[PDB]
Amino acid sequence: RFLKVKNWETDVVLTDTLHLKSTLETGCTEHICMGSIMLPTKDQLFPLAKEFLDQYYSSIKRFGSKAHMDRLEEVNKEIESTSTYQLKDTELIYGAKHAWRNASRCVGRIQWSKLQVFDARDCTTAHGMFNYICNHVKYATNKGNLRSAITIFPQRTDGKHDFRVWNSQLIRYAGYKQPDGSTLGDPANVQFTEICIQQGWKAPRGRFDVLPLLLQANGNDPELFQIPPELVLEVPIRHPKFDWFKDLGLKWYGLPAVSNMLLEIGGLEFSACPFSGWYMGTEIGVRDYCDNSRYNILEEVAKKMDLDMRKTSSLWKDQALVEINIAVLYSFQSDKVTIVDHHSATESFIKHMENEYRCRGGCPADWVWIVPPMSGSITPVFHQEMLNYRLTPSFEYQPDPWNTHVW
Amino acid sequence: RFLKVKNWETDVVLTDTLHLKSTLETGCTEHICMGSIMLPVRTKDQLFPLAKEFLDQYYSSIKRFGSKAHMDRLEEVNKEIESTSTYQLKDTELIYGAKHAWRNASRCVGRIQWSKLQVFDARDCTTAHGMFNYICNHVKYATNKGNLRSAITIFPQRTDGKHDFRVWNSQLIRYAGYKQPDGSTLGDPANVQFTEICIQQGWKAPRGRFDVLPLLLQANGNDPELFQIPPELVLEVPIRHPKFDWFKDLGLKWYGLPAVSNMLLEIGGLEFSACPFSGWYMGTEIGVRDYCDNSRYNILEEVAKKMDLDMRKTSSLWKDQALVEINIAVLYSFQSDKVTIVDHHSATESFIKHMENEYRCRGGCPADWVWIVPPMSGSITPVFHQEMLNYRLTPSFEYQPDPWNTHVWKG
Ligand code: HEM
Ligand code: HEM
Ligand SMILES: Cc1cc(N)nc(CCc2cncc(CCc3cc(C)cc(N)n3)c2)c1
Ligand SMILES: Cc1cc(N)nc(CCc2cncc(CCc3cc(C)cc(N)n3)c2)c1
Ligand SMILES: Cc1cc(N)nc(CCc2cncc(CCc3cc(C)cc(N)n3)c2)c1
Ligand SMILES: Cc1cc(N)nc(CCc2cncc(CCc3cc(C)cc(N)n3)c2)c1
Ligand SMILES: [Cl-]
Ligand SMILES: [Cl-]
Ligand SMILES: [Zn+2]
Ligand SMILES: [Zn+2]
Ligand SMILES: [Zn+2]
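Caption draft 1: Geometry of the packing of aromatic side chains. Residue and element names in this part refer to chain A. Scanning all chains against the criterion turns up 44 aromatic pairs over all chains. Between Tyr132 and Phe153, the aromatic rings sit 6.1 Å apart at their centres with planes inclined by 85°, giving edge-to-face as the arrangement. One end of the pair, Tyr132, is in helix α4 (residues 126-141); the other, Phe153, is in the loop between β4 (149-152) and β5 (164-165), with 21 residues separating them in the sequence. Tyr132 gets classed as partly exposed once you look at its relative accessible area, which sits at 23%. Centre to centre, the rings of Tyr173 and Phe208 are 5.2 Å apart; their planes meet at 70°, and the pair counts as edge-to-face. Remark: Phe208 occurs in the loop between α5 (190-198) and β8 (213-216) and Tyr173 occurs in the loop between β5 and β6 (175-177); sequence separation between them is 35 residues.

Caption draft 2: Region of interest: the coordination of the iron atom of ligand 1. Donor atoms from the protein around the iron atom of ligand 1 number only one, A:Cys106 (SG), found at 2.5 Å. Within the secondary structure, A:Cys106 sits in the loop between α3 (89-101) and β3 (116-119).

Caption draft 3: Focus on the domain arrangement of chain A. Residues and elements named next belong to chain A. The domains assigned to chain A are domain 1 (16-121 + 148-158 + 262-276 + 346-370), domain 2 (122-147 + 162-233 + 397-401) and domain 3 (234-256 + 279-344). Taking the mean C-alpha position of each, domain 2 and domain 3 sit 25 Å from one another. With 20 residues of domain 2 in contact, the opposing surface of domain 3 contributes 18 residues. In this assembly, domain 2 and domain 3 are joined by 1 salt bridge. Among the salt bridges present, the one from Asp186 reaches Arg294, with a minimum N-O distance of 2.8 Å. Inspection of the region where domain 2 meets domain 3 yields 10 residue pairs in polar contact. Broken down by element, the residue count for the side of domain 2 that touches domain 3 peaks at 3 residues, all from α4.

Caption draft 4: Highlighting the pattern of salt bridges. On inspection of all chains with the given rule, the structure shows 47 salt bridges over all chains. Residue B:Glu301 pairs with B:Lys305 through a salt bridge whose shortest N-O separation is 3.8 Å. With B:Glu301 and B:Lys305 both in helix α7 (residues 300-306) and 4 residues apart, this pair spans about one turn of that helix. Residue B:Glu301 is classed as partly exposed on the basis of its relative accessible area, which comes to 44%. Beyond isolated ion pairs, a larger network of salt bridges with shared partners links A:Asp186, A:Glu283, A:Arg287, A:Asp288 and A:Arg294.

What counts as what
Residue labels here follow a simple count from 1 along each chain's written sequence instead of the entry's numbering, which may differ, and residues missing coordinates are not shown. Each chain gets a letter, beginning with A, and each ligand a number, beginning with 1, in the order they are written. Only heavy atoms go into the side-chain values, all of them from the structure, while hydrogens and water stay out. A pair of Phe, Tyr and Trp rings is counted when the ring centres sit within 6.5 Å of each other, with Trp represented by its six-membered ring. The angle between the planes then sorts it: under 30 degrees is stacked, over 60 is edge-to-face, the rest tilted. Only runs of H or I of at least four residues qualify as helices and only runs of E of at least two qualify as strands under DSSP, and these elements are numbered from the N terminus. With a 1.4 Å probe rolled over the protein chains alone, any residue whose accessible area is under 20% of its type maximum counts as buried; one over 50% counts as exposed, and the rest are partly exposed. Each metal's donors are the N, O and S atoms within 2.8 Å of it, or within 3.2 Å when it is Na, K or Ca, and because water is not part of the set, sites may look incomplete. Just so you know, the domain bounds were taken from an automatic or database domain assignment. Should any heavy atoms of two residues lie within 4.5 Å, those residues are considered in contact. The salt bridge definition used is simple: a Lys or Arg side-chain nitrogen within 4 Å of an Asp or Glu carboxyl oxygen. Counted as a polar contact is a pair of N or O atoms within 3.5 Å, where, for protein atoms, one must be capable of donating a hydrogen and the other of accepting one, and residues adjacent in sequence contribute only when both atoms are in side chains.

Pasting the structure below:
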């Protein structure tokens, strides 16, 4: 089963064979495409473990070897006895790197093999989780020279003793509903902020308040911890040409760190596995600042620019959007904090995709997420056909724990 | 059976039931999504079910389902197919069918307009000369001195597949492209292959940057024939910028009338291989796609040079800055010349209102996010955070391969 993908700018055609190794289901059918939908026992466990160990032993050119058979033997016995198994450190590192390699929504995967993996499987308490996370934040931040990292807490057992980070990202800003009816801070985080306050957090009640961590160890009720302020690197936003831009009082944090996803390796499930990289500029300047449901700053910026806001066809929104994104990139670069613009990032992804087709037989990719949220067609991913399918090991979305947890 | 779609900016949730009427396949499976793949004679047996499905839909839309007239029409079509292997649509059914192919076109952001379509019935056409006259009349009507009106012209349907009507042009109005011995291209690189065919057939090429191509028209399966659209029927707009006086000296212009001529219209199992249709432009089609695609006019560098932007590093966003100014110029120029055009903000806002109305009155609105989201400033338009469901309803417009690959040359 050879599927062709074409690039419409270059006419280059690539052949995908990797999709034949896909296992999980997409949500699409022959009758309906759901490509734009955001959320589309012992017996079960051994085939999953075997599938993974086969791929691992193949990667180190030891497939069918004594060491391969012996390990498969070992894992089988462990599952039959304990209803589960433990990954070797080599297997854990390989699995985490491949989960990133397989993440079809990630434009940054050229970097996949350079991931620092912190093994936190010996963690037993919420205070232990906090220490691990602080060390991750410090290592990853590296005074502005950011380094990709993942920290992996103990795997799910019976499902009643899950480790979870309640926060969606390790560093994010609070949001507060006002008597005015408006929102102060980040509207994305109003609900989580309320939970934090209810659990005892003393909120500063400002526009950019770094949220505390709510950490759940061993299925216990989550506990609150504040990340040491001096470990949270932030960048004030200014513009190279517009002196007034600084007076908007905008800032953002340097470290993008996802903490709400589930890492599946060899059928084992790691429900707390925070990971971090560095930002693409549009993530801050387009998504976080300009989404209507977020800080929604387009109107204020346009006003300061003296643009004709009376008609849409003046393209005042597009003009202000460009300037905000110029300011984001300028500010991070001036403060020596790693950032990538959308042109550079997409160029790198195409090179990565070409590498993956030649060395691996394909690269699953979700065009809806890969194409940047501004200036899509002038980047080299827009005219690139992509095939989206699910490979394991993988990162999977999991719902907010406050919808499931029983106190 | 219900599917839900969510808008991630507004939290508005809609419910689709219309997908139940979908027939044809998407290209996707349970194991693979092909959502970003651009390209993912019937027998008596298969035709009557297709005819019946269409006629049932038509008579339902006029509130005459199950009426004597409905039953009589089914009988009449049944007997026509069994006797002649095909059938003819009534004028009313043709109009309904063409409007619905547009309503159903999942890649079209302009569908709020679907019920306002002028249908020109050209099923009595027999020759390429006849096709040319119908096409000129379509261009003149649709252009309407700048007050653009949507229109479609429908030529005779397929019979045995050996007698097809085809417009060989991909669009009625488009510019020539010429590859030079040094490997550079003059004009529009999208049209080099078609231009060579025109020259080979006898066109005398001006060899400039914006030469309107001749029509190459195939009637009744015969070899195609060349015709020049009268220049006075081809409305064009020189591109200038409201603040930058040097913009005009880039020498840019574009034509006012976007008119697709290469698609197949399917109505009730019948196939109309020549059915040119036209509307009016969304600004980004010209300013982003036609001007800025690397494989097209590719003007970004030249514009950025004249703006004196910092072009040493991509992080200055020089390309983004130049792109906005080009698109401002396109909208300004069309508006100044009183030629209908819509900006991407207005167009997407109207589409979302159309979509919500369709969910309420029809139970759905199939839409292809990849094409619906504009090629610049996507996330600041209301379509970006809208979940969509893509599925195929008939009547429909389908892509067909370029006829120069398939045509049997008679001589
Ligand atoms: C090294 C720099 C990195 C860059 C520039 C980057 C870039 C991005 C971007 C731009 C997105 C989508 C955000 C949006 O569309 O608004 C994304 C998503 C994602 N990335 Fe990366 N990435 C990086 C590192 C990582 C790392 C280290 C991992 C895991 C080890 C990872 C895994 C993921 C996953 C799982 C998603 C989807 C997240 C979700 O579903 O919410 N990426 N990436
Ligand atoms: C009236 C104003 C109209 C506007 C503003 C408009 C807008 C557009 C746009 C922007 C595209 C996609 C182009 C791109 O992604 O670069 C498109 C595609 C399309 N539209 Fe419309 N449209 C209009 C009228 C029409 C009419 C009259 C019809 C047919 C009766 C039609 C049927 C289609 C079809 C079939 C496609 C897909 C074409 C393909 O696959 O090549 N549209 N429309
Ligand atoms: C409903 C829903 C589903 C889903 N799968 N993801 C989300 C969150 C999407 C999301 C929002 N902001 C931020 C991110 C993280 C993206 C990200 C992650 C990393 C590691 C690096 C980098 N530069 N960027 C992801 C929401
Ligand atoms: C839980 C939740 C609720 C809510 N109302 N919104 C969100 C954020 C939704 C969201 C908005 N913009 C951007 C993203 C990132 C993912 C993303 C999505 C799409 C469609 C394109 C693209 N390039 N990237 C996510 C999350
Ligand atoms: C390989 C391929 C497949 C496919 N389905 N379409 C194409 C052509 C895409 C395409 C390119 N330029 C222009 C259009 C026309 C879109 C269009 C059509 C109409 C009627 C009005 C309007 N404003 N815009 C379509 C190519
Ligand atoms: C026959 C043919 C060959 C070729 N190399 N390119 C083309 C045009 C491909 C093309 C390029 N940009 C734009 C389009 C329009 C359709 C389109 C495609 C996508 C991916 C997004 C979007 N918003 N709209 C089509 C056609
Ligand atoms: Cl966004
Ligand atoms: Cl484009
Ligand atoms: Zn799909
Ligand atoms: Zn967004
Ligand atoms: Zn393009």
